[PDB]
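Okay, here's what each chain looks like letter by letter:
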Amino acid sequence: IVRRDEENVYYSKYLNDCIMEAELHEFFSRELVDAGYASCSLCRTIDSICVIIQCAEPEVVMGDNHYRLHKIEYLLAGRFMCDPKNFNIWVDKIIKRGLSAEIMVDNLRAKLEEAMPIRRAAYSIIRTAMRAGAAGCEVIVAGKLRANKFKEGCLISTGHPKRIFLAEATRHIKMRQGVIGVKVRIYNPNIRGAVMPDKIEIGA
Amino acid sequence: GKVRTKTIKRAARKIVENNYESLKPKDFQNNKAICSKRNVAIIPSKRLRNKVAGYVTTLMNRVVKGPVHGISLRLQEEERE
Amino acid sequence: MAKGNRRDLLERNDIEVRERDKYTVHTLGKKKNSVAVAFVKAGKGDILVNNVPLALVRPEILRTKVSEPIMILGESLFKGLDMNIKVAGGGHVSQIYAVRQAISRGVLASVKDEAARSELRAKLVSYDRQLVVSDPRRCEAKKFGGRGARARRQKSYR
Amino acid sequence: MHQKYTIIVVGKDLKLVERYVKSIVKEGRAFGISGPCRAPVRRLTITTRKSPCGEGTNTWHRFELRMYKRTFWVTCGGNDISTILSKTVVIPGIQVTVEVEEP
RNA sequence: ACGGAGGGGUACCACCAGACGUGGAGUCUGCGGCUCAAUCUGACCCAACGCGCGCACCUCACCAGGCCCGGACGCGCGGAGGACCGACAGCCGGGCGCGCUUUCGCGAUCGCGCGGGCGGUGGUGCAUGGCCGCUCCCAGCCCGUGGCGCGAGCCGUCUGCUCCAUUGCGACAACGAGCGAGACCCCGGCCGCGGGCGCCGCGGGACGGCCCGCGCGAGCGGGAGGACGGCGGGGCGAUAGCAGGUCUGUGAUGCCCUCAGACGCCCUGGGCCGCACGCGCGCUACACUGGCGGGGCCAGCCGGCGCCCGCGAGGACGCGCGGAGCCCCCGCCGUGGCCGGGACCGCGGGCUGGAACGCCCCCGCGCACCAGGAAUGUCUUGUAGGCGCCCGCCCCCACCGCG
C-alpha cells in the first residue's frame, strides 16, 4: 500500500536538525557566557536556519551594529556548510531573571570565583529569586572546602510536575585545589498559568 | 483507593457546608454535576472530581440521617428553644 | 499476517460492491489479538468462514464450540439468515471463540424485536456468559529484571 | 496553475502538531484543503545501562522519541503556485514543526 | 545500635498448599589457579563471575621489532658564498633512501641552547565533580511561635481504633505549615465525535457509587448491575549517609611519572581463546504425553520482491513488493544407549574480508547421558511452563541482552 523508505528521508531529515542544534547550545555556552546565554532554537528556512537565542544582556552578544554577531554568523555557515547571508540569527531578552536557573547559576559561579565565599553568594542568589516571585530555591555546593546546602522554602522533588515546574542547572568550577560542583533548583508553581494538581479552591 | 486523603475530606466538608440546598445525597450524578460548576467548586482533574463527589455524597447522607459536628446546618430553628 | 484493525478487513472491501450492499447487519467479536467481522443477510440459511463452510473448519474437535450459538437455540431463526464471516488475528482457538461471539451477536441483532431479544439474551447468557460479552484479559509486558513477565533470573546468594 | 502539490508536516510534539493543522485547515477553508492522513507513530527506541561502570543490579534506561507526521496533499493543483506562497505565510510560525512541499 | 526480651504489624526477594527448577552428564560464557614473551585490566555475601553493548588487523593498554617530530611562542648565536629537506642504481634489511656506497635535486617553510608548551586507556576513586549502586520492593523527614529541663534533649511527631502505607477517625502544652505517600505521566480493556493513503486526534466512563450487615467514626463482610470493582502494568522518586564503583567515557579535573633510543602518533607480526583442576549464569538431552516423512494451517514488536543456475549453502541478472513454530490429519518405528542423543573427528563445496584462525551446507564416525546426594532458587491469570520471531553491538557469527 505504501513504501517505508520514502518517509524515512523526512523522518531522518528532522532528526539531523535536532543534533545540529545541541552543538549550538554547547558552543554558545562555551562562548556567549558573557551575556548569560539561556537557550536557543531553530527554524529551517528556505535557504538557511532562523536561530533565535535568549540572553539576559542582549547588548553584550551583539556588537557595533551587531558586528560581532555578524562575525559569528559567517562562522556557523562554514561549519554547517550553509550559504552565508541567508543565515539570520535573532536576539531576545529575558524579563524575570530571578526565575531562570541557568543565568543565576552562572552569575553565582562567577561570584564564587571572585574570592567571596559560598554563604554570601548563595544567600544573595536565594534573595534575588524570592524577591523575583519564586516559591523557593536550593543551593548546593560540593567539593574540597563535602556538601554544604542552603534552602529557604518549599520545593517538590518527585512526580511528573517536577519536570515542568522545577528547573535545575549544574556547572563545574576549576579551582586551584580541585573542582567545586555547584547546582541550583527553583520551583515556580505559577509558570505559564498551569494549575498544579491537588490545588483546589471553593467559593461562597 | 479506599482511604481518602485529607484534602478530599476538607474540601468536601467545605462544599457541603457551603452548598447544602442543592446536593441531594445517595446519587453520584447530581453531586458530580454541581461540583463541576466553577461558582460551586473547581477540580483540575477528572479522577479527583469523582473522588470528591463520592465523599461528598457519603457525607451528605450521613448528615441527612444524623447531622455531624464541624458542619454547620443552621438547625437553630428546631433547636433554638 | 493481517493485523485485524486494517480498514480493508473492517469494511470488508474484499467483497464486490454490488454484493456488499445487500448485507445489512454488522457485528463484531474478539478474544485476544483476533478480530472477526460478520455480515448478515436473510436467506435460505448458511454460514461461511474465511471462504469456508462452517462445518469444515479445522480445529475439528472444536466444531461444537464454533456451533454452540446454534444448537443452544433452535435452528428456526438460523434458517432464515446467511453469514459471510471474515476473521484475522492470532491463534486458532482465539479465532474460534471470536467467531462464535460474532455469530451470537449477529443473530441477536437481526431479531429486530427488543423483548424477544432480551429473552434470547437471558437464554444465551445463562450458558457461558462469554458468548456475548467479550473477554478482557490480555498479554502483559516483561521487565528487565527477569526473563519473563513475573519470573526473575535465578539469584546466587553465595 | 496546477501542480499536484503535496503538503507534509513532521514533528515530535503532539500538542503543536495538532494545533497547527487546525490553522492550516482554516487557511484552506475555501481552497478545498481537506482531512490529513495521520501516519502510524514512528516510536524510535533506545536502551542503555544506567551505570557508566556497570556496577550493582543491572538496570536500564528506556528513552524513546516519537515522530508524528501529517499530510495535506489535498491541494494538489487545486491551488496556484501564486497562493501556495500565500499558503505558506498566513500559517503560524512554530519554532520546530518541519514542513516540505512537493508535487 | 544490639538483645537466644515482651507486645503490635507486614512481605512468594518469607512460610502454609503446590508448581517449575539448579547441583548429576556434553557444551557456550565469565571467574581463580598453571603456562608462556605476553596470555592487558576493574569488581569478590546479599550489594564480584553473558558485567565494564559481538576481541583475525584497528578496537588495545600487553610481547618481538621498526618510521616520524607532528619541539607552539619568546630571548641569545648562525645561516641564501646556502638553515633545513627528497631521490634512480647496488648490497644488508619482513619491507621504507631504514643504513651504507657515488651524485643529483629543494631553498629559509629556519638550526643550536635557555625559558616555556602541547600530548599520554600511565598512578592515587583513601584529593575531588558528575553519574549510578545500596541503606530503600522502605514511610518516613523537618520549620516558626509556645512550654519543660543548668544542659546534651523532650512535646509538637499518638501505649486508642483503622489503612499495604506518619492513610485516616478520635484525644492531648501544644498551635499552625511544609516535604515524602497520594495526586501526577505512558500503556490496555468499553463507548462517542471528527477525520481517514496507513486507523489516529479529541472527549465520556468507575466514584467504596447502589442493597444488605456491622462500627459514633473513619472503614471492614456479603449481593448485584456493569468492558472493567475495590493499589491493572510501568515512569518519577524524601532526610541523612557509605572512604560502595568509576581518573581506562569526555577540551572534568589537583598532585605525582614520562616527554627526542617516547608511556606521544604510526606500520609488520603475536597475544587477550593458551589447560592436570575448583564453580557462576545458561543451552541440548536422557523418549511413545515420543522420533521420522507427506500434507493443512493461523501471530505481534513489525516487515522487500521476480526470473534463471545449483542437492544445499550460495551465485548472475531485474524491479518495487511482502510474514511461524507449537498444533491438527494420514502413515512408519515398537522399549532394544534402537530410527532417543549429537559432542568429537576426516575428505569436500561456498561467503565476508587486503588477509581465515571466522561462519554456513554435504557424505561418513556416532562420546557421556536410564531423571541426577548433601544443598538451593523462582512463582498466584492470560500468570508459571512450553513454542517460536525480530532488534543491539556486528566485515562473518547469538546458546547473550532488550522486546
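Up top is the structure.
Let us look at the structure shown here.

1. Some remarks on the overall build of chain B
Right, on to step 1. Scanning chain B from terminus to terminus reveals 4 helices and 1 strand.
Right, on to step 2. Secondary structure elements in chain B, listed N-terminal to C-terminal, are α-α-β-α-α.
Right, on to step 3. Over its C-alpha trace chain B gives a radius of gyration of 13 Å, about what one expects of a compact globule, namely 12 Å for 81 residues.
Right, on to step 4. Dimensions along the principal axes, computed over C-alpha positions, put chain B at roughly 45 × 25 × 20 Å.
Right, on to step 5. Put simply, 61% of the contacts in chain B that link residues at least 6 apart link residues at least 24 apart.

2. Quick notes on the protein's contact with RNA strand E
Right, on to step 1. If you check the shell around RNA strand E, you find 108 residues, and the closest are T158 of chain A, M1 and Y157 of chain C together with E18 and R43 of chain D.
Right, on to step 2. Each atom of RNA strand E within 4 Å of the protein was assigned to sugar, phosphate or base; sugar and phosphate come to 69%.
Right, on to step 3. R30 of chain A is positioned with one of its side-chain polar atoms (N or O) 3.0 Å from a sugar or linking oxygen of RNA strand E.
Right, on to step 4. Here a sugar or linking oxygen of RNA strand E sits 2.8 Å away from a polar atom, N or O, in the side chain of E55 of chain D.
Right, on to step 5. Ranked by residue count, the leading element in the surface near RNA strand E is helix α3 (residues 46-65) of chain B, at 7 residues.
Right, on to step 6. Class assignment for the residues of the surface near RNA strand E results in 28 nonpolar, 32 polar and 48 charged.

3. Describing the arrangement of the chains
Right, on to step 1. The interface with the highest contact count, out of 4 pairs of chains in contact, is the one between chains A and D.
Right, on to step 2. One finds no contact linking chain B with chain D; the least C-alpha distance across the pair is 19 Å.

4. Comments concerning the sheet that holds strand β1 (residues 37-39) of chain A
Residues and elements named next belong to chain A.
Right, on to step 1. The strand order across the open sheet built from 3 strands is β1-β2-β3, with neighbouring strands paired in mixed fashion. Either end of the sheet is taken by a strand with one partner, and the two such strands are β1 and β3 (90-92). Across the sheet, the mean angle separating the axes of adjacent strands is 40° when strand polarity is ignored.
Right, on to step 2. Here 3 bridges tie strand β2 (residues 52-55) to β3, and the two strands are oriented parallel to one another. Among the inter-strand pairings, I53 is bridged to a residue of β3, identified as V91.

5. Describing the packing of helix α1 (residues 7-31) of chain A against helix α3 (residues 67-80) of chain A
Residues and elements named next belong to chain A.
Right, on to step 1. Following both chains from N to C, one finds α1 and α3 inclined at 140°, their axes separated by 13 Å at the closest point. On the basis of the axis angle, α1 is oblique to α3. α3 is crossed by α1, and the crossing has right-handed handedness. Residues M20, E23, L24, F27 and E31 of α1 pack against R68, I72, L75, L76, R79 and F80 of α3.
Right, on to step 2. In terms of residue class, the contact of α1 with α3 is made up of 7 nonpolar, no polar and 4 charged.

6. Quick word on the nonpolar core
Right, on to step 1. In terms of nonpolar packing, the biggest core is built from 21 residues, with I15 and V56 of chain B touching the most fellow members.
Right, on to step 2. Contributing elements (two or more residues each) for this core: α1 (6-18), α2 (30-36) and α3 of chain B.
Right, on to step 3. Counting residues per element, this core draws most heavily on α3 of chain B, which supplies 7 residues.
Right, on to step 4. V105, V141, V182 and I186 of chain A belong to the second largest nonpolar core, which has 20 residues in total.

7. Considering the pattern of salt bridges
Right, on to step 1. In this structure the tally under the stated criterion is 21 salt bridges over all chains.
Right, on to step 2. Two residues, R3 of chain A and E6 of chain A, come together in a salt bridge whose shortest N-O distance is 3.9 Å.
Right, on to step 3. Residue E6 of chain A is classed as partly exposed on the basis of its relative accessible area, which comes to 39%.
Right, on to step 4. Where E7 of chain A meets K69 of chain D, a salt bridge forms, and the shortest distance between an N and an O atom there is 3.6 Å. With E7 of chain A in helix α1 and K69 of chain D in strand β5 (residues 68-71), this residue pair bridges two chains.
Right, on to step 5. Residues joined in a network through salt bridges with shared partners are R3, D5 and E6 of chain A.

8. Considerations on the environment of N13 of chain C
Right, on to step 1. Along the polypeptide, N13 of chain C turns up in the loop between α1 (7-11) and α2 (17-20).
Right, on to step 2. In contact with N13 of chain C, not counting residues within four places along its chain, are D8 and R20 of chain C.

9. Some details on the interface of chain A and chain D
Right, on to step 1. Counting from both sides, the interface comprises 13 residues of chain A and, opposite them, 14 residues of chain D.
Right, on to step 2. Here the side of chain A that touches chain D gets 7 residues from one element, more than from any other, and that element is α1 of chain A.
Right, on to step 3. Of the residues assigned to the side of chain A that touches chain D, the class counts are 8 nonpolar, 2 polar and 3 charged.

10. A word on the packing of aromatic side chains
Right, on to step 1. Per the stated rule, a full pass over the model turns up 4 aromatic pairs over all chains.
Right, on to step 2. For the ring pair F28 of chain A and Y37 of chain A, a centre distance of 5.3 Å and an interplane angle of 40° mean the geometry is tilted. Each member of the pair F28 of chain A and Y37 of chain A is classed as buried.
Right, on to step 3. Of the aromatic side chains, those joined through ring pairs into one cluster are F27, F28 and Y37 of chain A.
Right, on to step 4. Stacked on the ring of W90 of chain A, the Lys or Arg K93 of chain A has its end atom at 5.5 Å from the ring centre.
Right, on to step 5. One residue, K32 of chain B, lies across the ring of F28 of chain B, its end atom 5.6 Å from the ring centre.

Cut-offs and rules
- Residues numbered from 1 in each chain as written, not as in the entry; some residues may be left out.
- Chains lettered and ligands numbered in written order.
- Part of a larger assembly, values for the part shown.
- Heavy atoms only, no water.
- Residues with missing side-chain atoms left out of burial classes, pairs and counts.
- Helix = DSSP H or I, 4+ residues; strand = E, 2+ residues; numbered from the N terminus.
- Rg over C-alpha atoms; globule rule 2.2 N^0.38 Å.
- Contact = heavy atoms within 4.5 Å.
- Near = heavy atom within 4 Å.
- Polar contact = N/O pair within 3.5 Å; in protein donor to acceptor, adjacent residues only side chain to side chain.
- Nonpolar A, V, L, I, M, F, W, Y, C, P; charged D, E, K, R; others polar.
- Pairing = 2+ DSSP bridges.
- Axes fitted to C-alpha atoms, helices over the stretch in contact; angles between N-to-C directions.
- Parallel < 35°, antiparallel > 145°, perpendicular 65-115°, else oblique.
- Left-handed = near helix turned anticlockwise from the far one by under 90°.
- Core = buried A, V, L, I, M, F, W, Y, C linked by side-chain atoms within 4.5 Å.
- Buried < 20%, exposed > 50% of the residue type's maximum accessible area, 1.4 Å probe, protein only.
- Salt bridge = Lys/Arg side-chain N within 4 Å of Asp/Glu carboxyl O.
- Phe/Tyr/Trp six-rings, centres within 6.5 Å; stacked < 30°, edge-to-face > 60°.
- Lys NZ or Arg CZ within 6 Å of the ring centre and 35° of its normal.

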